[PDB]
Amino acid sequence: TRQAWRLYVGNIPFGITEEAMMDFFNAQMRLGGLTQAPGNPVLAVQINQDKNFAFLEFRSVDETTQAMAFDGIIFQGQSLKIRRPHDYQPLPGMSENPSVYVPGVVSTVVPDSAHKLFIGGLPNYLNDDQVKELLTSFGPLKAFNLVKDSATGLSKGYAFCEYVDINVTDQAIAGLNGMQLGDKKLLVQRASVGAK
């Protein structure tokens, strides 16, 4: 099954070409020490421009798995969402999880948990990178996602995150909750408090 050689990439920059995406991933894999031989690990990229996602095709199962470590990497201001194809199943005795860490890359997977934060009231002109930088001021992030409209790509003005250090959570709340920005006022609280 070809699905062990392919990844979904969501939240791609508008107007990006398949070649630009391929060059980005091939370079990052090499610069990060993930590539396992001479030559390019990514063989092809198929972009769905209207739906805002791509699929990457890799030359090996192992390099496909390692590339999962790039989930959340910023590309032209956007956090790339890297995921397995929905019809992927690991073969027995194979780990589906990457074994290398990429410095500075913050996962987009923010599970509901004790210290998961909601940040509402963000100006909609801030991209994923700038909201991430706002939050990183308080301490390193374990995970982060800025919510966007799936049809237009515009920020919906709220995000979720998890700090590496659970104790930074209350520091970010103290520094950001109630902050006024024009007509908006930030609400920063554990996401469990106001989850619908």
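When you see a residue number, it is the position in the sequence shown, counting from 1.
Student: Looking at the deposited entry, does 49 to 57 or 161 to 169 carry the larger mean Cα B-factor?
Tutor: Higher of the two, by average CA B-factor, is 49 to 57.
Student: Between 96 to 104 and 82 to 90, name whichever shows the higher mean Cα B factor according to the PDB entry.
Tutor: Going by the record's values, the stretch with the higher mean is 96 to 104.
Student: Looking at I16, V9, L187, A174, which has the highest CA B-factor as recorded?
Tutor: Checking the PDB record, the top C-alpha B-factor among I16, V9, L187, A174 is at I16.
Student: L154's Cα B-factor: lowest, middle or highest third of the chain?
Tutor: Its C-alpha B-factor belongs to the highest third of this chain's values.
Student: Taking the values exactly as deposited, rank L34 by C-alpha B-factor within its chain and report the matching third: lowest, middle or highest.
Tutor: According to the entry, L34 has a C-alpha B-factor in the chain's highest third.
Student: Select lowest, middle or highest to describe the third in which the CA B-factor of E133 falls within its chain in this entry.
Tutor: Tercile = middle for this residue's CA B-factor.
Student: Could you tell me which third, lowest, middle or highest, the C-alpha B-factor of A195 occupies within its chain?
Tutor: As the PDB entry reports it, the C-alpha B-factor of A195 lands in the highest third of its chain.
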